[PDB]
Protein chains: 2
Amino acid sequence: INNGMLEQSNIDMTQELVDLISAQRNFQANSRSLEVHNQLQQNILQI
Amino acid sequence: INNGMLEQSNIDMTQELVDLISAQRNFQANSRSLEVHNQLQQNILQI
């Protein structure tokens, strides 16, 4: 136990920012897949 | 048993739509056959 000190968070801003970018990219790719599946369904629904 | 989840229906809209098309086509063909049979009987009934 040390007096005169406090602990900050144990987070690193660099890793968090890169994870923001990567998670956004994953979201975008999954949305593209969902859009493809909707387009296929609409295509069958127009015969 | 998993909590936080539900099961949807196990149908495929693509296959259901294709079966809709095929069943309509079968219906139309059989109606054509019935129409032909009625025409034959009417043809006999006019001698």
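In the PDB header, cryo-EM is given as the technique by which the entry was determined, and 3.22 Å as its resolution.

Caption draft 1: Focus on the interface of chain A and chain B. Counting from both sides, the interface comprises four residues of chain A and, opposite them, four residues of chain B. Taking both partners together, chain A and chain B bury about 350 Å²; carbon and sulfur atoms supply 83% of that area. Of all residues in chain A, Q41(A), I44(A) and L45(A) give up the largest surface area on contact with chain B, accounting jointly for 85% of the area buried on that side. Linking chain A with chain B are zero salt bridges. Our count for the chain A to chain B interface comes out at zero residue pairs in polar contact. Residues belonging to the side of chain A that touches chain B are distributed by class as follows: three nonpolar, one polar and no charged.

Caption draft 2: Spatial organisation of the pattern of salt bridges. Residues and elements named next belong to chain A. Enumeration over the complete set of coordinates arrives at two salt bridges over all chains. For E35, the salt bridge is made with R32, and the minimal N-O distance between the two is 4.0 Å. Residue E35 and its partner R32 are located together in helix α1 (residues 13-44), separated by three residues, close to a single helical turn.

Caption draft 3: Spotlight on the environment of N43(B). All names here are of chain B. Positionally, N43 belongs in helix α1 (residues 13-44). The exposure class assigned to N43 is exposed, which follows from its relative accessible area of 54%. As for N43 and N2, which are separated by 41 residues in sequence, their C-alpha atoms are 68 Å apart.

Parameters at a glance
- Residues numbered from 1 in each chain as written, not as in the entry; some residues may be left out.
- Chains lettered and ligands numbered in written order.
- Part of a larger assembly, values for the part shown.
- Heavy atoms only, no water.
- Contact = heavy atoms within 4.5 Å.
- Buried area = accessible area lost by both parts, 1.4 Å probe.
- Salt bridge = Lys/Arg side-chain N within 4 Å of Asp/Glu carboxyl O.
- Polar contact = N/O pair within 3.5 Å; in protein donor to acceptor, adjacent residues only side chain to side chain.
- Nonpolar A, V, L, I, M, F, W, Y, C, P; charged D, E, K, R; others polar.
- Helix = DSSP H or I, 4+ residues; strand = E, 2+ residues; numbered from the N terminus.
- Buried < 20%, exposed > 50% of the residue type's maximum accessible area, 1.4 Å probe, protein only.

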